[PDB]
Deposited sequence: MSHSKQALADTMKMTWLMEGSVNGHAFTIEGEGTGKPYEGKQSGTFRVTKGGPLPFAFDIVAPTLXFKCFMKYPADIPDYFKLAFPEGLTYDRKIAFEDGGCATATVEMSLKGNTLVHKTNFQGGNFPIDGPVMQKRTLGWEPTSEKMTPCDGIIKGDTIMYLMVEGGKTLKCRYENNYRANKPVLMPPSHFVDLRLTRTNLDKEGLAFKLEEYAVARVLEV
């Protein structure tokens, strides 16, 4: 196994949203084969953020998924060499972002590095007014194509006052020269945000993700 039953992780995310630069650093622990992970994050530059931390939380780790033995796990098979992915994030109100993530392995630690560029968020929208309340669970479609996995998801961001904001993710997960691909499948996931202060400089995230094929 390139990945052990328990792994440590680190995150470094740099970017800008509506021209506001920021840096987030994190450390965590996860169980790759159980599909569980958690981490503690700090906004080390540009905090308190003028935008909802929720917009970067799903971009803060695809090798943490529970797969049945009869479905190849592209994200773990990518290790030890690692995986890089690009991501398009599009909200229904015109807010958008593009991110590039590199996942690498250093001993017992999985290293996650991201550059996140966001723009066109409405000034009075829930993201810039920080009126969000975490993401509703959803299912990511995983479609193999030309040695990459295309991830496609519709995810709703919860908003204060019983409202929601729809978001579409288009992900392209690229391992180096893969020779085994899974069939098309889905990965169900729940991402929970825990605030660690009142100011918005520290957060904890937890995720559970599990793969399945449709029975149709």
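Asker: Could you list, start to end, the deposited-sequence stretches with no C-alpha atoms?
Answerer: Comparing the full sequence with the modelled residues, the uncovered ranges come out as 1 to 5, 66.
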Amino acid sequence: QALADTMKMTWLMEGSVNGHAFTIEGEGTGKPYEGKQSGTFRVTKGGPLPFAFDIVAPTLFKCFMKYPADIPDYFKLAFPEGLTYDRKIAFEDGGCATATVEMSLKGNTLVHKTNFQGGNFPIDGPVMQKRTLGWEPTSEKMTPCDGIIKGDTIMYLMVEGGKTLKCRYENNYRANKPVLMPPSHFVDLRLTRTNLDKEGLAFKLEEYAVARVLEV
From here on, numbers count along this sequence of modelled residues.
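Asker: For the stretches 182 to 190 and 44 to 52, which has the higher mean C-alpha B-factor as given in the deposited record?
Answerer: It is 44 to 52.
Asker: Quick check: 71 to 79 versus 134 to 142, which has the larger average CA B-factor in the record?
Answerer: Comparing 134 to 142 with 71 to 79, the higher average CA B-factor belongs to 71 to 79.
Asker: Split the chain's modelled residues into thirds by Cα B-factor; is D93 in the lowest, middle or highest one?
Answerer: Within its chain, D93 is a middle-third residue by C-alpha B-factor, going by the deposited values.
Asker: Going by the CA temperature factor in the PDB record, which third of the chain does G28 belong to: lowest, middle or highest?
Answerer: Within its chain, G28 is a middle-third residue by C-alpha B-factor, going by the deposited values.
Asker: Going by the recorded CA B-factors, say which third of the chain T114 sits in, lowest, middle or highest.
Answerer: Lowest third - that is where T114 ends up once the chain's C-alpha B-factors are sorted.
Asker: Would you check the entry's CA temperature factor for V159 and let me know if it's in the chain's lowest, middle or highest third?
Answerer: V159: CA B-factor falls in the middle third of its chain.
Asker: For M13, return the chain-relative third of its C-alpha B-factor as stated in the PDB record: lowest, middle or highest.
Answerer: Lowest third of the chain for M13's C-alpha B-factor.
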